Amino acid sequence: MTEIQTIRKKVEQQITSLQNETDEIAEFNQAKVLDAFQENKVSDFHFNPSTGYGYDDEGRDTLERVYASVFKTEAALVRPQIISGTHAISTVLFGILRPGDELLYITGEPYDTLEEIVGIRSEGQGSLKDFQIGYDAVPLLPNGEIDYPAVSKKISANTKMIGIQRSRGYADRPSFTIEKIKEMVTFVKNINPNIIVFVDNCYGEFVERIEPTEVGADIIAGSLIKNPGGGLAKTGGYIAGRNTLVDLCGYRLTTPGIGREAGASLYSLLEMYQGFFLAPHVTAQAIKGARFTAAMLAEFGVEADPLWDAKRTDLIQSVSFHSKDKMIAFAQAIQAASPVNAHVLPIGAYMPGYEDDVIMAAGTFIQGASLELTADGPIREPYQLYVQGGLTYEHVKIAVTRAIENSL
């Protein structure tokens, strides 16, 4: 019985109860996805490629129906023609919003990439602002909760859509649970039932037994190289929601008069189907992994957020080293414990629009994939490193144990 092994025996026993809970959620979600395959009568011919126009591609259409069934929506859009999560989100915004309309984000300022999209960052690019669509965001209370009086003050007759970002992303606040989201929807719908509630669902898929579309969200969007891709999707994004709303997204994604009826699937179907099927289980690996990281690092006297015993709604997990050297050594050890490009150590790197260098471990099968184990953060006080994902719980245990042995 070694050193670190002793610590592991202890910490693993400690977290076992919560890990078991994660497995209960995974079985529930696995059944849910299986039921969705089944109600849509998925067959092996549904993996066949389409070419050219992609008209009447039943494989593509069936997959979208499977997505809609799982999220409990009327319709979905899940294609490689949606190139990412950001692209999926932008498709929702431009798809629905029209000149004179206003978008209100209530979960505080959303992730930085949306900056140019809404138009508060650049010019001439074709932002919402360029198309006469208004945008604002309501900051969170200091405690990370929604500032309801502030939201109330902001909602006007011109407010067409309310934006909710489930995951904290890089923001210093807790990710919003489905219960918290339900409360937000109830609140806005009580003010105006016609207001469209959109939730940026990235990293939350299959973390709970429920999704935002089950607590009244009208439409949601996410990334296929995160949770729902199950580690297999090579690219893409998804949209799920009301039929009228998904129709609009489709016209934005292709063109009016064609919309979602068109777009060749080529060779992407099998990986999307199989990835979705495995997604509940693979998500469970990343969650189990996060709790392990949180428990182990805390044990080694390192600050963890969230806490190993925190409620979980997404995959996000950070650890604050309060040490530049410790942070870099850890991120490098994570790369060194990765399957792909393990020998290409990350270093402090310049990043456009940022005053601080960033460090990123990304030894993955798919470029930029996040359900896979990665690590990153800005190199500045308090030296917070995001260490999350993992295709297997085994991989996370191995990598984190080695990262500890290497930096602490």
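A residue's number is simply how far along the shown sequence it sits, counting from 1.
- For the pair 187-195 and 114-122, the mean B factor over Cα atoms is greater in 114-122.
- Of the two stretches examined, 329-337 and 79-87, the record assigns the greater average C-alpha temperature factor to 79-87.
- Looking at the C-alpha B-factors along this chain, the one for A171 belongs to the highest third.
- Ranked within its chain, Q317 lands in the lowest third, by CA B factor from the PDB record.
- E208 sits in the middle third of its chain by CA B factor, as recorded in the PDB entry.
- Remark: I347 belongs to the highest third of its chain, ranked by C-alpha B-factor as recorded.
- For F300, the recorded CA temperature factor ranks within the highest third of the chain's modelled residues.
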